[PDB]
Amino acid sequence: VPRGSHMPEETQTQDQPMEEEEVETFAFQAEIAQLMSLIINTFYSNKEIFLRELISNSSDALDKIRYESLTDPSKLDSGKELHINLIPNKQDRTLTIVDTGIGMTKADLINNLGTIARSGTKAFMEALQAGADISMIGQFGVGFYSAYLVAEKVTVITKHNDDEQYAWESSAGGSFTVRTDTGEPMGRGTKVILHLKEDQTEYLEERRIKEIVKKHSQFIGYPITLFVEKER
Ligand SMILES: Nc1ncnc2c1ncn2[C@@H]1O[C@@H]2COP(=O)(O)O[C@H]2[C@H]1O
């Protein structure tokens, strides 16, 4: 039956097979759960230092590239720049910290981002009770959780040369999940996506982001770049 022209909907290609993502759910180590509750539900005056904490994690992951080269020169062949990108999305109310560091395996997410007790956790909670500044968090080993000063939910997408791409996610409440991520490949590195709380939207503003980077993170050691969406 002759055709001279087809509608879009007719030549619509059949979907790729549905992907299966394996998901697992884990409880946070008891004292990590306690700290996340404390961080979430207490007022702190200097919440901006969350960005100094995640930038530091990124910087540490990038320093690992340079040293891992000494025992695996393969990585010198990568053409990827060692850098950090800050991506506020006013539309979705997210701030995303992206790096091209070494990334995390599945077991690294499960162990490093919640299941293994940290020996400073108790001491830091005591310090906060006794009125320490929240800024001291990173010296107690638990600075990743400062994300929950500003974020109601945090998703971490990551890819390590030794594993497949995974997503960790938690809205606190005592648990997190790790799942395989068959979504947009990142190549190598980690993206931390902060879903900001309703009253913490100043961290999507480019001036505010520039201010806190200048104040707290001016020895990162790698280029940091802020992507600003053009105002329509
Ligand atoms: N951007 C990142 N890249 C690689 N690993 C990270 C990143 N963010 C957090 N982590 C891991 O999570 C850990 C949290 O505690 P640490 O800073 O001691 O060590 C950190 C890393 O192991």
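We number each residue from 1, following the sequence as shown. All values below were derived from every heavy atom in this structure, side-chain atoms included, with hydrogens, water molecules and symmetry-related copies excluded. All ligand and atom numbering here is 1-based and tracks the order in the structure.
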With heavy atoms under 4.0 Å as the rule, classify the contact between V192 and ligand 1 as side chain, backbone, both or neither. neither
Please check if the side chain of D92 supplies one atom and the backbone of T94 the other of a donor-acceptor pair under 3.5 Å. no
Should you measure from each heavy atom of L113, which atoms of ligand 1 turn up under 4.0 Å away? 12 (O)
Where's the contact between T190 and ligand 1, heavy-atom distance under 4.0 Å: side chain, backbone, both or neither? side chain
Taking the side chain from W168 and the backbone from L113, do they hold a donor-acceptor pair closer than 3.5 Å? yes
For atom 21 (C) of ligand 1, what is the closest protein heavy atom, and at what distance to 0.1 Å? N112 ND2, 4.5 Å
Can you spot which of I40, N46, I134 makes a side-chain contact (heavy atoms from CB on, under 4.5 Å) with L149? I134
Could you tell me whether atom 5 (N) of ligand 1 has at least one protein heavy atom nearer than 4.0 Å? yes
Taking only non-hydrogen atoms of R118, do any sit less than 4.0 angstrom from ligand 1? yes
Side chains of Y222 and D99: is there a donor and an acceptor less than 3.5 Å apart? no
Side chain, backbone, both or neither: the part of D108 lying under 4.0 Å from ligand 1 by heavy atom: neither
Under 3.5 Å, side chain of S146 to main-chain N/O of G143, donor-acceptor pair present? yes
Determine whether a donor-acceptor pair (N or O, by modelled atom type, separation under 3.5 Å) exists between the side chain of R188 and the backbone of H160. no
Interfacing atoms of ligand 1 (cut-off 4.0 Å, heavy-atom, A61): 3 (N), 4 (C)
Suppose we measure from atom 1 (N) of ligand 1 to each protein heavy atom; which comes out shortest, and what is that distance? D99 OD2, 2.8 Å
Atom 8 (N) of ligand 1 sits nearest the protein heavy atom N57 CB, 3.5 Å
Can you tell me the protein heavy atom closest to atom 11 (C) of ligand 1 and the distance? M104 SD, 3.6 Å
Could you check whether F50 and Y203 have their ring centres less than 6.0 Å apart? yes
Do any N/O atoms on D60 end up under 3.5 angstrom from N/O atoms on ligand 1? no
Quick one: closest heavy-atom pair of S170 and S175, and the distance? OG-O, 2.8 Å
